[PDB]
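**Student:**
Protein chains: 2
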Amino acid sequence: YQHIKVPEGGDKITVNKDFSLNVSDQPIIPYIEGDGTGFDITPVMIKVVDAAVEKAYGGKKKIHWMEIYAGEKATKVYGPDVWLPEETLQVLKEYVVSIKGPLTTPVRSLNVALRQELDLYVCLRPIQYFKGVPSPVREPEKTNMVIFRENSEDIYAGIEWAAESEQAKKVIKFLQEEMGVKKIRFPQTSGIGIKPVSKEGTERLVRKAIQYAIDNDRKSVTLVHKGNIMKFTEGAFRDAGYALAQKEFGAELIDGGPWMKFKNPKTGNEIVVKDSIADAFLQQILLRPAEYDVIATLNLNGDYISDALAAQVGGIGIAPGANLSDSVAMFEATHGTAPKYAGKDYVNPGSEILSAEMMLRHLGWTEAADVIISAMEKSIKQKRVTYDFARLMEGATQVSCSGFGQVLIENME
Amino acid sequence: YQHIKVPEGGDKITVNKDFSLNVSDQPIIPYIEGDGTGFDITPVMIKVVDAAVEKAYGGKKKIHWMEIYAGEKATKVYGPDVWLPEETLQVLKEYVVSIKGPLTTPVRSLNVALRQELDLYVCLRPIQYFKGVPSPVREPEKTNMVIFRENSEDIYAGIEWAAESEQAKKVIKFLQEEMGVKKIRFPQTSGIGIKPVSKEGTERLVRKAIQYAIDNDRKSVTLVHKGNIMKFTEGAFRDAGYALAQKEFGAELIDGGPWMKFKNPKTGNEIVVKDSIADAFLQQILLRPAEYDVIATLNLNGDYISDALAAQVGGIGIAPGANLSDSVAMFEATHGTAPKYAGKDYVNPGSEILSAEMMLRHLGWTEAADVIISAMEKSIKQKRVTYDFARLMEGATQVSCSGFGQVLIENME
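Protein chains in written order, with UniProt numbering: chain A, 3 to 109, 114 to 419; chain B, 3 to 109, 114 to 419.
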């Protein structure tokens, strides 16, 4: 490669024909530092993960970290305006499992570009409440959910044209004259965006959500959509999701529908497949959080829901996330780059750390992942935490970003 | 008219050239019963409003209610599939100020149809916390906001085609071949929706929001958008909103932008015009609710935000709303028709009652509106409330829908 150094003491992860992974005791894991606060967080994440791997496996296993480049640091290494090097994309695919810090874009989203170029069609966002975390809501412990957000289509496709541009004028002309569209209120000054939602995109996402409910013995899968206004996109997501539940999982209607249920083939438990209109859902996650579990939704809805839920559990700064295809997994910090805090060793490294926890569990290294959860639980209860938590607690000891890393490692004992 | 009886003892409201209203002591007010629970709520609203008007003005003023028809009741009066009679639309325009219960649609939204046909481009949703109301959040009293939701464009235009339909095939073909679109992930099975957002639609909505902040001495106007992914629609809303603030209200940048500020010409106070990305905004309304006041946003975002906020303050069942143009005002219950509760005198009439409170204030009858607020405040504190509140309170006296009407009227003394 041009600027990538492959660790010679490591082994490349390989994907079996059934999509299971071959992970050695010495796997290579590519990482992207991230813009801004990625500078502060990345070394702390690596140190914490290495410590957890050491604790769980007594030195037999070790991660061989391989730096690859995206965003500002990529432009510095590769040259002006090389924000996403071709070889970064190739390595992400070839080495299978990776982790990234936050990315920005100069004045389309590099984050979205990664998900789309690599066809990482699942955005996976677990929502859990850690005891002792200050929350804006009365009963945050009642929230335990897993969001499956569709990552490859919807209005996130980036298909749009600016008002009064020749391209926008042409599309509006087509819509008015060829399609007979009369519903554009102000055609003279309208920007136009396109929203594609497919049976194929819906089905692969919903399949993953339902299979996750089976594999992890979850109670329900809720299809979240705004299908009463967007009948042929959001409504179609709902329709195809229910159809797949019926066909592939043998779900049957509850009281003539629209909800369904089937028996978990691995545990025997009942799994309800239901649906919520997106606006109502934002109400019900607050009012009746215990009624929801696995969520399957579209790209835009998933964005809003994931953020609302992270806020609800007081976890804005520690929300983990993954972007998955059948054969590539990229784990990520879920917050912004926070440029005014960059280099100041101040922000919470918890998000990338818990995304690394997800990564370890994906590798089959569940023992090491459990070590991280234990450390996090203990550190929060001790109130030895970064400013973002400390400020909302009583009697807390405020620590630096790297300092929180040290607190976590201590709490692995 | 075919089936409308004009009260001969009433006077038609008229609109002056400056859009101010000429309202007599005996104005005619059209009302739509509403589907489902509209049967239960409507008579109670009328009784409560009449009592408030009596209390404030000692019999000098009286509303002359005029029933007009929409939804199921319209089909019964006018004939099969006449869901929105032409004369209903004509009367709503001609009589200026009206109130409606909830509407459904047979298996596009009659509610949306009304807003679009009458060009009621502002959806106005006040968000306030009533002392004593059970809320899911720790500090509901910190939420006091007014949502200006754009009502005439966005993905609510209803411009869409079903997957694999000849129309969808044609649009996708156009996009691929003529516009060079490559970003449709699954063109074979994609439904397509169109999202129009205009400078003209943005400007008239934002103008109303900023003028409201001036007239009511509010602290700030926040433009809420997802303009980092939808650059030419949601981003254009942001851009045009800021431009209008600068041009029409003399706003100037804070620290080189993007936020702005100007002096209220009526009170002298500073008004900040700022912006929030929609996903972040759903976090910040929970975490820092006191930082937000007047909100200006698009159709879809406004829908989600209005519902989330109503839930936050424990006001899902008492959230008032108005749909306004420069010359027509339609006040509405904001909940669904709840068919399994219809005819059972059980649901909360508070939403339509507080929408009527807004209606009275729009008529210039602020004294009568204040009577309703007083009654509502007192009734809630007494815990003499409908089941939806009673169940979440301790030591409450559960009353029927009509029973709550009586409690309110008692509390006008």
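Note that the Cβ used here is the ideal one computed from N, Cα and C, for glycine as well.
Report the residue from B:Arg121, B:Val227 and B:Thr77 whose alpha carbon sits nearest the alpha carbon of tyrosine 248 (chain B).
**Tutor:** The residue given as residue 248 (chain B) occupies position 242 in the second sequence. Ranking B:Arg121, B:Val227 and B:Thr77 by Cα distance to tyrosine 248 (chain B) puts B:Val227 first.
**Student:** Within the 8 Å Cβ cut-off, does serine 331 (chain B) reach chain A?
**Tutor:** Reading the second sequence from its first residue, position 325 is the one you call residue 331 (chain B). Judged by the 8 Å Cβ criterion, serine 331 (chain B) is not in contact with chain A.
**Student:** Which residues does DSSP list as the beta-bridge partners of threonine 228 (chain B)?
**Tutor:** By 1-based counting over the second sequence, the position of residue 228 (chain B) is 222. In DSSP, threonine 228 (chain B) forms a bridge with B:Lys280 and B:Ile301.
**Student:** Any Cβ of chain B within less than 8 Å of the Cβ of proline 326 (chain A)?
**Tutor:** On the first sequence, residue 326 (chain A) is found 320 positions in, with the first residue counted as 1. So no, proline 326 (chain A) is outside the interface.
**Student:** Whole angstroms is fine: what's the gap from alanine 242 (chain B)'s alpha carbon to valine 203 (chain B)'s?
**Tutor:** Locating residue 242 (chain B) in the second sequence gives position 236, counting from the first residue. Locating residue 203 (chain B) in the second sequence gives position 197, counting from the first residue. Each residue's alpha carbon lies about 8 Å from the other.
**Student:** Can you list, in chain order, the residues of the stretch 153-181 of chain B whose Cβ is nearer than 9 Å to any Cβ on chain A?
**Tutor:** Cβ contacts with chain A come from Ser158, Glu159, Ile161, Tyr162, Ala163, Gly164, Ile165, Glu166, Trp167, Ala168, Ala169, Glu170, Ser171, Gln173, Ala174, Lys176, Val177, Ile178, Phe180 and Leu181.
**Student:** From A:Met365, A:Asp299, A:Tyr393 and A:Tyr218, pick the residue whose C-alpha is nearest to that of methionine 151 (chain A); which is it?
**Tutor:** Within the first sequence, numbered from 1, the residue matching residue 151 (chain A) stands at position 145. Of A:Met365, A:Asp299, A:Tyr393 and A:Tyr218, the residue nearest in Cα terms is A:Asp299.
**Student:** Would you mind sorting residue 111 (chain A) into buried or exposed? The rule is 16 or more other CB atoms within 10 Å of its CB.
**Tutor:** Placed between 109 and 114 in the numbering, residue 111 (chain A) has no coordinates, as chain A goes from one to the other without interruption by modelled residues.
**Student:** Mind checking if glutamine 318 (chain A) is an interface residue toward chain B, Cβ cutoff 8 Å exclusive?
**Tutor:** As a position in the first sequence, residue 318 (chain A) is number 312, starting the count at 1. So, interface residue.
**Student:** Could you name each continuous alpha helix (DSSP H) segment of 4 residues or more that falls completely within the stretch 21-66 of chain A, going from the start of the chain to the end?
**Tutor:** With a minimum length of 4 residues, the continuous alpha helix (DSSP H) runs that stay inside the stretch 21-66 of chain A are 40-59.
**Student:** Residues in the same chain with beta-carbon distance under 8 Å from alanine 246 (chain A), minus the five sequence neighbours each way, listed in chain order, please.
**Tutor:** As a first step, residue 246 (chain A) is located in the first sequence; it is residue number 240 there, counting from the start. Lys205, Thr208, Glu209 and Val212, listed in sequence order.
**Student:** Any Cβ of chain B within less than 8 Å of the Cβ of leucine 288 (chain A)?
**Tutor:** On the first sequence, residue 288 (chain A) is found 282 positions in, with the first residue counted as 1. Chain B contact via Cβ: present.
**Student:** Would the beta-carbon of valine 109 (chain A) be found less than 7 Å away from any heavy atom of the ligand COA?
**Tutor:** This structure does not include the ligand COA; it has no bound ligands of any sort.
**Student:** Could you pull out every residue in the same chain whose Cβ sits closer than 8 Å to the Cβ of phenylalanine 21 (chain A), ignoring the five residues on either side in sequence?
**Tutor:** For the purposes of this step, residue 21 (chain A) is identified with residue 19 of the first sequence, where counting begins at 1. Contacts found: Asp332 and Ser333.
**Student:** Verify whether the separation of the beta carbon atoms of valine 25 (chain A) and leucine 366 (chain A) is less than 8 Å.
**Tutor:** Here the question's residue 25 (chain A) lines up with position 23 in the first sequence. Here the question's residue 366 (chain A) lines up with position 360 in the first sequence. No, they are not a contact pair.
**Student:** Under 8 Å between beta-carbons, which chain B residues line up against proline 142 (chain A)? List them in chain order, please.
**Tutor:** If you number the first sequence from 1, residue 142 (chain A) lands on position 136. Result: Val143, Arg144, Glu145, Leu292 and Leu293.
**Student:** Using CA coordinates, which residue listed in B:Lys14, B:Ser408, B:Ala257 and B:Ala374 is at the minimum distance from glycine 61 (chain B)?
**Tutor:** Position 59 of the second sequence, counted from the first residue, corresponds to residue 61 (chain B). The candidate whose alpha carbon is nearest that of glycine 61 (chain B) is B:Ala374.
**Student:** Quick check on the burial criterion: 16 or more other C-beta atoms within 10 angstroms. Buried or exposed for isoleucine 260 (chain A)?
**Tutor:** Residue numbering aside, residue 260 (chain A) sits at position 254 when the first sequence is read from its first letter. Under this definition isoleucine 260 (chain A) is an exposed residue.
**Student:** Measure from the C-beta of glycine 138 (chain A) to each C-beta in chain B and report whether the shortest distance is under 8 Å.
**Tutor:** One-based indexing of the first sequence puts residue 138 (chain A) at position 132. Not one chain B Cβ lies under 8 Å of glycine 138 (chain A).
**Student:** Are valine 98 (chain A) and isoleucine 15 (chain A) touching if we call contact CB-CB under 8 Å?
**Tutor:** Residue 98 (chain A) sits at position 96 when you count from the first residue of the first sequence. Residue 15 (chain A) sits at position 13 when you count from the first residue of the first sequence. Yes, these two residues count as a Cβ contact at 8 Å.
**Student:** Who are the near neighbours of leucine 292 (chain A) in its chain, counting only those whose CB is closer than 8 Å to its CB and skipping five residues on each side?
**Tutor:** For this step, residue 292 (chain A) is matched to residue 286 along the first sequence. Contacts found: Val143 and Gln318.
**Student:** Closest by CA to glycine 349 (chain B), which one among B:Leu315, B:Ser408, B:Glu363 and B:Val391?
**Tutor:** Taking the second sequence and counting its residues from 1, one reaches residue 349 (chain B) at position 343. Closest option to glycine 349 (chain B), Cα to Cα, is B:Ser408.
**Student:** Using three-state DSSP, classify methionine 185 (chain A) as helix, strand or coil.
**Tutor:** The sequence position of residue 185 (chain A) within the first sequence is 179, counting from 1. Residue state, collapsed to three classes: coil.
**Student:** Roughly how many angstroms lie between the CA atoms of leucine 126 (chain B) and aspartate 42 (chain A), to the nearest whole one?
**Tutor:** Your numbering for residue 126 (chain B) matches position 120 in the second sequence. Your numbering for residue 42 (chain A) matches position 40 in the first sequence. When rounded, the distance between both Cα atoms is 50 Å.
**Student:** Which of helix, strand or coil does DSSP assign to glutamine 318 (chain A)?
**Tutor:** Locating residue 318 (chain A) in the first sequence gives position 312, counting from the first residue. Helix.
**Student:** What does the Cβ neighbour count give for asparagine 354 (chain B), buried or exposed, with the cut at 16 atoms within 10 Å?
**Tutor:** Your numbering for residue 354 (chain B) matches position 348 in the second sequence. Under this definition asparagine 354 (chain B) is a buried residue.
**Student:** Give a yes or no on contact between the stretch 178-187 of chain B and the stretch 256-275 of chain B, applying the rule of three or more CB pairs nearer than 8 Å.
**Tutor:** The stretch 178-187 of chain B, when compared against the stretch 256-275 of chain B, does not touch it at the 8 Å Cβ threshold.
**Student:** Report, in whole angstroms, the separation of the C-beta atoms of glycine 103 (chain B) and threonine 44 (chain B), which I expect to be a contact under 8 Å.
**Tutor:** For the purposes of this step, residue 103 (chain B) is taken as the residue at position 101 of the second sequence. For the purposes of this step, residue 44 (chain B) is taken as the residue at position 42 of the second sequence. Right, their Cβ atoms sit about 5 Å apart.
**Student:** Compile a chain-ordered list of the residues in the stretch 235-262 of chain B whose CB is closer than 7 Å to at least one CB of chain A.
**Tutor:** Those would be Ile235, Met236, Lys237, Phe238, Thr239 and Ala242, in chain order.
**Student:** Considering Cα atoms alone, identify which of B:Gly164, B:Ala76 and B:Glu276 is closest to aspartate 37 (chain B).
**Tutor:** Taking the first residue of the second sequence as position 1, residue 37 (chain B) is located at position 35. Ranking the options by Cα distance to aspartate 37 (chain B), first place goes to B:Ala76.
**Student:** 8 Å is my cut-off, CB to CB: does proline 264 (chain A) come that close to chain B?
**Tutor:** In the first sequence, the residue the question calls residue 264 (chain A) occupies position 258. No, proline 264 (chain A) does not count as interfacial toward chain B.
**Student:** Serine 312 (chain B) by DSSP, collapsed to three states: which one?
**Tutor:** If you number the second sequence from 1, residue 312 (chain B) lands on position 306. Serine 312 (chain B) falls in the helix class under three-state DSSP.
**Student:** Going by other Cβ atoms of all chains shown within 10 Å of its Cβ, with 16 needed for buried, is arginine 114 (chain B) buried or exposed?
**Tutor:** The sequence position of residue 114 (chain B) within the second sequence is 108, counting from 1. The residue in question, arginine 114 (chain B), is exposed, as its Cβ has fewer than 16 Cβ neighbours within 10 Å.
**Student:** Would you mind stating whether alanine 316 (chain A) and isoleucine 101 (chain A) have Cβ atoms separated by less than 8 Å?
**Tutor:** Here residue 316 (chain A) refers to the residue found at position 310 when the first sequence is read from its first residue. Here residue 101 (chain A) refers to the residue found at position 99 when the first sequence is read from its first residue. No; because the gap between Cβ atoms is not below 8 Å, this pair is not in contact.
**Student:** Which residues, taken in chain order from the stretch 203-227 of chain A, show a beta carbon closer than 8 Å to some beta carbon of chain B?
**Tutor:** The residues in question are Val203, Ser204, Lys205, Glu206 and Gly207.
**Student:** So, for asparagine 234 (chain B): in the same chain, excluding its five sequence neighbours on each side, which residues have a beta-carbon less than 8 Å away from its beta-carbon?
**Tutor:** Within the second sequence, the letter at position 228 stands for residue 234 (chain B). For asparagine 234 (chain B), where only same-chain residues beyond five positions count, the Cβ hits under 8 Å are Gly241 and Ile283.
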